[PDB]
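> enclosed are the sequence and the experimentally obtained structure.
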Amino acid sequence: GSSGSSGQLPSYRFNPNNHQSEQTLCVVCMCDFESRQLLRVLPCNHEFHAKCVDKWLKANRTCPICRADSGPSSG
Ligand SMILES: [Zn+2]
Ligand SMILES: [Zn+2]
């Protein structure tokens, strides 16, 4: 039913209170995300760093975790 996507990932600051995702880690820099930080979430239910994922996607338009084709690309 409802659908809508411009062509970019949702930007939000991690929350040490509400663990949106049971497990939150960055496969790019094998480092966890901190609160009040610009993070991103792949369309495959994966958390990443607005900076890391930005460097990865550039090289490979896919998920470095589940090699799940993300889809759209900023550049
Ligand atoms: Zn990272
Ligand atoms: Zn993934």
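Now that the structure is in, tell me what you want to look at. Residues are numbered from 1 along each chain as shown. Ligands and ions are numbered 1, 2, ... in the order given.
> how close does the residue nearest the centre of the chain get to residue 11?
The centre of the chain sits closest to residue 41, judged by Cα atoms, centre = their mean, with a distance of 2.8 Å. Applying Cβ to Cβ, to the nearest Å, the value for residue 41 to residue 11 is 9 Å. Just so you know, the C-beta spots here come from the backbone N, C-alpha and C atoms, and that holds for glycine as well.
> coming back round to it: who's in contact with the residue nearest to the residue nearest to the centre of the chain when sequence neighbours are not counted?
Setting aside the residues directly before and after it, residue 41 is nearest to residue 47 in space (Cβ to Cβ, 6 or more residues apart in numbering), at 5.5 Å. Contacts for residue 47 (Cβ atoms under 8 Å, 6 or more residues apart in numbering) come out as 20-21, 24-26, 33, 39-41.
> in a helix, that's where residue 47 is, yeah?
No: Residue 47 is assigned strand when assessed by DSSP: H, G, I helix; E, B strand; the rest coil, not a helix.
> which secondary structure element contains the residue nearest to the centre of the chain?
Element membership of residue 41 [criterion: DSSP states H and E] is strand 38-42.
> who does that strand pair up with?
Strand pairing for strand 38-42, using DSSP bridges, gives strand 12-13 (antiparallel), strand 46-49 (antiparallel).
> what residues does the protein put near ligand 2?
Contacts of the chain with ligand 2, taken as Cβ under 5 Å from the ion, map to 42, 44, 46, 63, 65-66, 68.
> a markdown table for those residues, including distance to residue 3 and neighbour count?
A markdown table is the format used below for these (distance: Cβ to Cβ, whole Å; neighbours: other Cβ atoms under 10 Å):
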| residue | distance to residue 3 | neighbour count |
| --- | --- | --- |
| 42 | 18 | 20 |
| 44 | 17 | 14 |
| 46 | 21 | 21 |
| 63 | 21 | 20 |
| 65 | 24 | 16 |
| 66 | 22 | 12 |
| 68 | 19 | 14 |
